[PDB]
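**Q** Before we start, here is the structure in question, set down as structure tokens.
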Amino acid sequence: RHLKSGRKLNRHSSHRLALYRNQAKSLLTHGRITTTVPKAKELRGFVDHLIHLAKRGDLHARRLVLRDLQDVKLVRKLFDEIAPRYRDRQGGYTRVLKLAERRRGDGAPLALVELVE
Amino acid sequence: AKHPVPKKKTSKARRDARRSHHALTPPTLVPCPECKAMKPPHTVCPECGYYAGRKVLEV
Amino acid sequence: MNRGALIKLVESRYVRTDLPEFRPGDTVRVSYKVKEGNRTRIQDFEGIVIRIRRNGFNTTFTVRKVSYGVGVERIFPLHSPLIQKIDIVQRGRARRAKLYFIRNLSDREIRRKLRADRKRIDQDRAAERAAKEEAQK
Amino acid sequence: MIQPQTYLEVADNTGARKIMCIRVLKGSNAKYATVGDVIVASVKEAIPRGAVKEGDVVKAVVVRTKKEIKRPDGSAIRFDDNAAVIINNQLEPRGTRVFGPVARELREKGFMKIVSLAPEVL
Amino acid sequence: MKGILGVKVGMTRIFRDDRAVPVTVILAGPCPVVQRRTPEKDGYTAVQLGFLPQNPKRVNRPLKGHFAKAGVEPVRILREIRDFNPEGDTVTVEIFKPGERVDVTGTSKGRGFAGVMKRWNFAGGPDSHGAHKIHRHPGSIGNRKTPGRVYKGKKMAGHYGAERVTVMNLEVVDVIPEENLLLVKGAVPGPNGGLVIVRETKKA
RNA sequence: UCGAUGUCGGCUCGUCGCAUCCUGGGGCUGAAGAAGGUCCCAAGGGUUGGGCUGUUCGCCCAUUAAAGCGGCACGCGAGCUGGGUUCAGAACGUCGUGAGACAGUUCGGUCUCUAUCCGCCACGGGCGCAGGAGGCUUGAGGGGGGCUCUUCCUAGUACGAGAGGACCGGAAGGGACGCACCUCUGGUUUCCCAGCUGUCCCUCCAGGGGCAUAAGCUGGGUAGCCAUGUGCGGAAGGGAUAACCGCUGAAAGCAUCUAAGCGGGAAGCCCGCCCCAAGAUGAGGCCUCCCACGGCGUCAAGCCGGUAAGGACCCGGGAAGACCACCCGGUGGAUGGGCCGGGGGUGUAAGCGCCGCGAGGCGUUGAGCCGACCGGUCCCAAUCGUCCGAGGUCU
RNA sequence: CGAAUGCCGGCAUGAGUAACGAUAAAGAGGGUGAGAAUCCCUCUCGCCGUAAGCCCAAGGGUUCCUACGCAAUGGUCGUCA
RNA sequence: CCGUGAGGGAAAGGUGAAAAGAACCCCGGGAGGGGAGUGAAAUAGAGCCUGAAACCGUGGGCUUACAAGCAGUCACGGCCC
Ligand SMILES: [Mg+2]
Ligand SMILES: [Mg+2]
Ligand SMILES: [Mg+2]
Ligand SMILES: [Mg+2]
Ligand SMILES: [Mg+2]
Ligand SMILES: [Mg+2]
Ligand SMILES: [Mg+2]
Ligand SMILES: [Mg+2]
Ligand SMILES: [Mg+2]
Ligand SMILES: [Mg+2]
Ligand SMILES: [Mg+2]
Ligand SMILES: [Mg+2]
Ligand SMILES: [Mg+2]
Ligand SMILES: [Mg+2]
Ligand SMILES: [Mg+2]
Ligand SMILES: [Mg+2]
Ligand SMILES: [Mg+2]
Ligand SMILES: [Mg+2]
Ligand SMILES: [Mg+2]
Ligand SMILES: [Mg+2]
Ligand SMILES: [Mg+2]
Ligand SMILES: [Mg+2]
Ligand SMILES: [Mg+2]
Ligand SMILES: [Mg+2]
Ligand SMILES: [Mg+2]
Ligand SMILES: [Mg+2]
Ligand SMILES: [Mg+2]
Ligand SMILES: [Mg+2]
Ligand SMILES: [Mg+2]
Ligand SMILES: [Mg+2]
Ligand SMILES: [Mg+2]
Ligand SMILES: [Mg+2]
Ligand SMILES: [Mg+2]
Ligand SMILES: [Mg+2]
Ligand SMILES: [Mg+2]
Ligand SMILES: [Mg+2]
Ligand SMILES: [Mg+2]
Ligand SMILES: [Mg+2]
Ligand SMILES: [Mg+2]
Ligand SMILES: [Mg+2]
Ligand SMILES: [Mg+2]
Ligand SMILES: [Mg+2]
Ligand SMILES: [Mg+2]
Ligand SMILES: [Mg+2]
Ligand SMILES: [Mg+2]
Ligand SMILES: [Mg+2]
Ligand SMILES: [Mg+2]
Ligand SMILES: [Mg+2]
Ligand SMILES: [Mg+2]
Ligand SMILES: [Mg+2]
Ligand SMILES: [Mg+2]
Ligand SMILES: [Mg+2]
Ligand SMILES: [Mg+2]
Ligand SMILES: [Mg+2]
Ligand SMILES: [Mg+2]
Ligand SMILES: [Mg+2]
Ligand SMILES: [Mg+2]
Ligand SMILES: [Mg+2]
Ligand SMILES: [Mg+2]
Ligand SMILES: [Mg+2]
Ligand SMILES: [Mg+2]
Ligand SMILES: [Mg+2]
Ligand SMILES: [Mg+2]
Ligand SMILES: [Mg+2]
Ligand SMILES: [Mg+2]
Ligand SMILES: [Mg+2]
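Chains as they are written, first to last, in the deposited numbering: chain BR, 2 to 118; chain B5, 2 to 60; chain BT, 1 to 137; chain BO, 1 to 122; chain BE, 1 to 204.
The structure is reproduced here in structure tokens:
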């Protein structure tokens, strides 16, 4: 027994990280992302941080963000377009809404991971 | 083909008695407030679209 | 109930505040000791501070010395049995937080890997403020 | 924590150099020996013509331990090696001198002459 | 038989004379006496104490105002002390004085389904040499044809923890009345924020 | 039992007997005391670690209060091991002309992921508890636990030529064991922080990312989980008894513990202590709630649909957890996520400036980064809703 | 015919149980479609690279290409093969 | 089909008198069905005469959550027909 602690899984470390890294990229790229509930929830916090460093905009934040999102252009958009969109918002730049119906293939329950507004 | 095997054929009664719990339970739905439709609670269904909540198509 | 931590920092009103600031450089000294009847006679313990584990009221630190051919380390709570805690060379200048590494290859090598903290020492002799002009205004 | 099999370093001039714990003399089945506790050991190494020889089954008291020793005031002491002093059947030191520091627990456990003879008691 | 409810807040240590004292801080907040058991109507004697204030309105039916002590009707339900009967108003930490010996009860932490080794601190199998598929196994559990069965509760793997546990005779190292605090000498079942009941011990 | 009941020893896990090794009571002693011997009572709890041999067993080493003897398919291989022995190879001695052989030795040799029923450990679901509910409880009856040593004080006193050396009573420490805990001590902490190599890449320098485990390596390391660490426990006390010791007392003018009646008396027995427990259908108790016939059969459900108190469903979660369950929240909201502050860990980020040809070094700087921990803040998410559920049979 | 661990066939039990075949690894956005986590495309990510790349001989025999297709064969799915 | 080979060696018959083999409509991607229609018969609708038993279901009647058994039998009693 454990879970006395936090964070989810079902992949080894390097994979689990690489995962959040990709959803993040895909989310900042499209605004709305559809994935399974667990993956969606675990995403919210990881990207909220990324955007919060954007709000700073001091380069260090930039190079910190680039560590997870390697796409220079992506970050640019992140720092010039998405970031301002909040700047006054105190956290919670991410939204997650579960859809009805599941994958008629494995029955996985899906959800929405939206960039909020 | 190995080690433990069942000793006797489980009788029809005994077999069915075990499935006394396999009975399925109905999906839980509720009337959508925006349209006339049934959908699961705390979920965005196609029909309506959620007072904006990133919905399907509609003109 | 509403602030375990708070309602715990409140019991911890056994907190000293008369002790010198120091990291993993070189402290030593101290301290009390109750032997053969009386809680008197203060024994001193000179040495390099090998570690400091912080945890509010009960953060502790260990000091290492080489007493008569044998190496010895002592763990002090930080509050209670500690009359004074003056300190030798500020030395410090340890790139590491926990320097148990000095245990296996100590000697001249220790003083070479632990150069004086040319800095914290400066603000030691500087920020001292020894002006005995008192009573003249 | 000393258990049968452990090698201690003799902190005295009885001639011995190293002894291996054979048993901890505390009860019917104590698991470990700490500073102050007595043991029976085998003399593994010894210096030419000394009060004791190798193969000798002796007794000694533990004066130093690599496992830290906690004092009721909340502090702890610990040494780089495990050392003991050869003791006779009446529990006095067979030697005359003693080297290195000894934990002070020895004082509160009776071993007075070992402590007086010790170059330092921490 | 002095008895109060409280919540485990956490533990640290203090200094008395010149020795460190591991201690468990408890919060035996103002307990509103809400009911009394009597050999006439209840058949035994006891004080249902109330604990943990507030609770907007999620109380419904058990709106036990039968006693004005309905004081917002506390959260952490009610709990009897048995063989206690104080000034029918409120039981505070004052009940205890530094130096007394209490018996504290709580629900131990839950390790869920435990292995024979952790649960019944079993020895288990070897990590090498012989086989290598029963290093954490119970071994044998019976004899042969006779008795040809297994003794009732022969210690086996299963649920472990999350149960009532009482550790006895703890010195009340102190008691801070202004804050409802209470200091015992270490060891107290359950997790911080867990409910406990502190009573008078049984030593004489 | 040969259409198969796996065989020695060990490991694991116990459980029982008592013909008792220790511990507790006691009688006799060639019992001064102390230490023994012997027999009776008594398993409640204990009954160590090693060297040798496959060994059981024994013999040693060092201790101990003691290092008990037996049963349970010489307990336990659908639990493990396979060292002994009983397949095929090979060799020695030995027997045989030989092929081969030997309760003689020697080296080597495949012990089958899936538990149906009973039993056992745990967790539910259904219905019942003769109104329905939400709480708090009694404890029939079970289970757990029961250990023991040393020293000091009585008192160097009774006893004793001496040496030695008590009872009874009273203290303080230990050892094993048990439960719980994480303050401390000490572990782990798979990405919390830093350092490092080779290579490919981003973007050339700088700064970074992947890979070199399912962590590349190294040094550290919070929460949690932990023992080596910490705190508690065995009781005390009441009752009936064993052996045993008596009081009063006949039968039997004495005597006698017995026949009548009364006592004292064990680590044992009962209760006390901790835990479970009303499926204790013998379904218990106390507190508070909601209560009505409205439509309808043989007129109190034998009846249908809304209901009531309440309850599920769904959601956000949890030192709760395999699932289920249990516990806390659901905008009348601090439940989780984020954001903020603080702990805590890393141990002076980048960038820029100065010094050095350069690797680098100063400074800004305990900086930067930063899981779980203690708390704030409705920024995001627990939108909105639905379905069950009384109308209560007898003197 | 009731038995022969009988013979041929059918259907049960175990059971919604063990399994679904290397721990190199996935994510998302488009498209197609009655329906696809499983087909197509784009972008990320991971693996092999004395290869898990390329070529020849043997063996195999149309498995090659393409258009219609999805009952079955594919350990799931299938519009794909 | 098996085996390198000598060689071994299966299973599998029946619409109806006559194809009159179900136009067309409806749900469905199809399959499959519901109507319509053929026929004396379609539970003769196509691996279709008859179509038993094991086995799997739906509906109903009696009966069961304090009992324990080679499952039956004898006796009363209740409910249903
Ligand atoms: Mg990796
Ligand atoms: Mg974060
Ligand atoms: Mg059936
Ligand atoms: Mg748990
Ligand atoms: Mg082990
Ligand atoms: Mg094996
Ligand atoms: Mg039996
Ligand atoms: Mg048989
Ligand atoms: Mg006997
Ligand atoms: Mg005597
Ligand atoms: Mg036995
Ligand atoms: Mg067996
Ligand atoms: Mg063998
Ligand atoms: Mg072998
Ligand atoms: Mg070999
Ligand atoms: Mg009872
Ligand atoms: Mg019973
Ligand atoms: Mg710790
Ligand atoms: Mg720790
Ligand atoms: Mg630590
Ligand atoms: Mg790094
Ligand atoms: Mg690199
Ligand atoms: Mg790569
Ligand atoms: Mg930790
Ligand atoms: Mg008499
Ligand atoms: Mg009597
Ligand atoms: Mg009596
Ligand atoms: Mg209870
Ligand atoms: Mg019952
Ligand atoms: Mg009941
Ligand atoms: Mg009741
Ligand atoms: Mg919150
Ligand atoms: Mg919050
Ligand atoms: Mg914070
Ligand atoms: Mg800090
Ligand atoms: Mg900080
Ligand atoms: Mg911080
Ligand atoms: Mg037949
Ligand atoms: Mg016959
Ligand atoms: Mg037959
Ligand atoms: Mg057959
Ligand atoms: Mg089946
Ligand atoms: Mg299942
Ligand atoms: Mg099964
Ligand atoms: Mg299973
Ligand atoms: Mg499986
Ligand atoms: Mg596969
Ligand atoms: Mg696989
Ligand atoms: Mg790899
Ligand atoms: Mg590679
Ligand atoms: Mg290679
Ligand atoms: Mg060819
Ligand atoms: Mg073909
Ligand atoms: Mg092709
Ligand atoms: Mg095609
Ligand atoms: Mg398929
Ligand atoms: Mg062939
Ligand atoms: Mg017709
Ligand atoms: Mg016909
Ligand atoms: Mg015909
Ligand atoms: Mg037919
Ligand atoms: Mg039939
Ligand atoms: Mg039926
Ligand atoms: Mg009964
Ligand atoms: Mg009945
Ligand atoms: Mg009958």
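Where is the CB? At the ideal position from N, CA and C, for every residue including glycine.
Check whether the Cβ atoms of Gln90 (chain BT) and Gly4 (chain BT) sit closer than 8 Å, and answer yes or no.
**A** Not in contact: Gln90 (chain BT) and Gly4 (chain BT) (Cβ atoms no closer than 8 Å).
**Q** Specify, as a first and last residue, the run of the alpha helix (DSSP H) that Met117 (chain BE) falls within.
**A** Its alpha helix (DSSP H) spans residues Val116 to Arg119.
**Q** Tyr14 (chain BT) versus chain BE: which residues are under 7 Å apart at the beta carbon?
**A** Those within 7 Å of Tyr14 (chain BT) in chain BE are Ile14 and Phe15.
**Q** Our contact map puts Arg104 (chain BO) next to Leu122 (chain BO) with C-beta atoms below 8 Å; I'd like the distance itself, whole angstroms only.
**A** Indeed, because the Cβ distance is near 6 Å, the residues count as touching under 8 Å.
**Q** Quick one: what's got a C-beta closer than 8 Å to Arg78 (chain BO)'s C-beta in the same chain, skipping five residues either side?
**A** Result list for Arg78 (chain BO): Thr65, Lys66, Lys67, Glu68 and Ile69, in chain order.
**Q** Taking the C-alpha atoms as reference points, what is the distance between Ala162 (chain BE) and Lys109 (chain BE)?
**A** Those two C-alpha atoms are separated by around 5 Å.
**Q** Would the beta-carbon of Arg29 (chain BT) fall within 8 Å of that of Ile86 (chain BT)?
**A** Contact flag set, yes.
**Q** Taking the straight line between their C-alpha atoms, what separation do you get for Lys10 (chain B5) and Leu30 (chain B5)?
**A** About 42 Å.
**Q** In terms of residues, what are the limits of the alpha helix (DSSP H) holding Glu43 (chain BR)?
**A** Start and end: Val38 to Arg57.
**Q** Between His43 (chain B5) and chain BR, is there a C-beta pair that is closer than 8 Å?
**A** Yes, because at least one Cβ of chain BR sits closer than 8 Å to the Cβ of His43 (chain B5).
**Q** For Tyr151 (chain BE), which option in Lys69 (chain BE), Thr38 (chain BE) and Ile141 (chain BE) has the closest C-alpha, if you only look at C-alpha atoms?
**A** It is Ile141 (chain BE).
**Q** Secondary structure at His22 (chain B5), three-state DSSP: helix, strand or coil?
**A** Here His22 (chain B5) sits in helix by DSSP.
**Q** Kindly list, in the order they appear in chain BO, the residues whose Cβ is closer than 8 Å to that of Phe61 (chain BT).
**A** Residues of chain BO passing the Cβ test: none, with the nearest at roughly 11 Å.
**Q** If you run the structure through DSSP and keep just helix, strand and coil, what is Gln35 (chain BE)?
**A** Reduced to three states, the DSSP call for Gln35 (chain BE) is strand.
**Q** By a C-beta neighbour count over all protein chains shown, 10 Å radius and 16 as the cutoff for buried, is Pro126 (chain BE) buried or exposed?
**A** It counts as exposed.
**Q** Can you tell which of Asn11 (chain BR), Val117 (chain BR) and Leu51 (chain BR) has the C-alpha that lies nearest to the C-alpha of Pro39 (chain BR)?
**A** Nearest C-alpha to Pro39 (chain BR): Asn11 (chain BR).
**Q** I want to verify the contact list: residues of chain BE whose CB lies under 7 Å from the CB of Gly100 (chain BO), in sequence order.
**A** Those do not exist, as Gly100 (chain BO) stays about 27 Å from chain BE at its closest Cβ, beyond 7 Å.
**Q** What first and last residue would you give for the beta strand (DSSP E) that runs through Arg96 (chain BR)?
**A** Segment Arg96 to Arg103, the beta strand (DSSP E) holding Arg96 (chain BR).
**Q** Which stretch, first to last residue, makes up the beta strand (DSSP E) that contains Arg16 (chain BE)?
**A** Here the beta strand (DSSP E) through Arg16 (chain BE) covers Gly3 to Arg16.
**Q** Can you find a CB in chain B5 that lies within less than 8 Å of the CB of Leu98 (chain BR)?
**A** So yes, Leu98 (chain BR) belongs to the interface.
**Q** Any idea which residues DSSP pairs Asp117 (chain BT) with across the strands?
**A** Bridge partners of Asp117 (chain BT): none, in fact.
**Q** List the residues of chain BR whose Cβ lies closer than 7 Å to the Cβ of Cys46 (chain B5), in chain order.
**A** Within 7 Å Cβ-Cβ: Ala101.
**Q** Establish whether the CB of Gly139 (chain BE) and some CB of chain BT are separated by less than 8 Å.
**A** Output row for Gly139 (chain BE): interface = no.
**Q** Hey, out of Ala76 (chain BO), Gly55 (chain BO) and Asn82 (chain BO), whose CA is closest to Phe61 (chain BT)'s CA?
**A** Among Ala76 (chain BO), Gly55 (chain BO) and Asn82 (chain BO), the Cα nearest to that of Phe61 (chain BT) is on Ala76 (chain BO).
**Q** List, in order along the chain, the chain BO residues whose C-beta lies closer than 7 Å to that of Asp18 (chain BE)?
**A** Simply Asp73.
**Q** When burial is assigned at 16 or more other CB atoms within 10 Å of the CB, is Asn29 (chain BO) buried or exposed?
**A** The residue in question, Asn29 (chain BO), is exposed, as its Cβ has fewer than 16 Cβ neighbours within 10 Å.
**Q** Ordered along the chain, which non-local residues of its own chain (more than five positions away) have a Cβ less than 6 Å from that of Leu20 (chain BR)?
**A** Closer than 6 Å at Cβ, skipping near neighbours: no residue.
**Q** For the beta strand (DSSP E) holding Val70 (chain BT), just list the boundary residues, first then last.
**A** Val70 to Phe76 is the span of the beta strand (DSSP E), which, as asked, contains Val70 (chain BT).
**Q** Going straight from the alpha carbon of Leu60 (chain BR) to that of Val117 (chain BR), what length do you get?
**A** So the two alpha carbons sit approximately 25 Å from each other.
**Q** Count the other CB atoms within 10 Å of the CB of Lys133 (chain BE); is the residue buried (16 or more) or exposed (fewer)?
**A** Exposed, by the Cβ-count rule.
**Q** Could you check whether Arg107 (chain BO) and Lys35 (chain BT) sit closer than 8 Å to each other, using their CB atoms as the reference points?
**A** Yes; because the gap between Cβ atoms is below 8 Å, this pair is in contact.
**Q** Compute the minimum distance between the beta carbon of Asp103 (chain BE) and the heavy atoms of ligand 3, and state whether it is under 7 Å.
**A** No, since every heavy atom of ligand 3 falls outside the 7 Å radius drawn around the Cβ of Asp103 (chain BE).
**Q** Shorter than 8 Å from the beta carbon of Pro119 (chain BO) to some beta carbon of chain BT?
**A** Yes, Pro119 (chain BO) counts as interfacial toward chain BT.
**Q** Which ranges does the beta strand (DSSP E) cover as unbroken runs of at least 3 residues, wholly within the segment 89–165 of chain BE, from first to last along the chain?
**A** Entirely contained in the segment 89–165 of chain BE, the beta strand (DSSP E) runs reaching 3 residues are, in chain order, 101–107, 110–114 and 158–161.
**Q** Output, in sequence order along the chain, the residues in the segment 51–77 of chain BT whose CB is closer than 7 Å to any CB in chain BO.
**A** Under the 7 Å Cβ criterion, the segment 51–77 of chain BT contributes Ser67, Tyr68, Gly69, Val70, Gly71, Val72, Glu73, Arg74, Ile75, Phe76 and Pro77.
**Q** Could you list the residues in the segment 10–31 of chain BO with a C-beta less than 7 Å from some C-beta on chain BT, going in chain order?
**A** Correct list: empty, as no residue qualifies.
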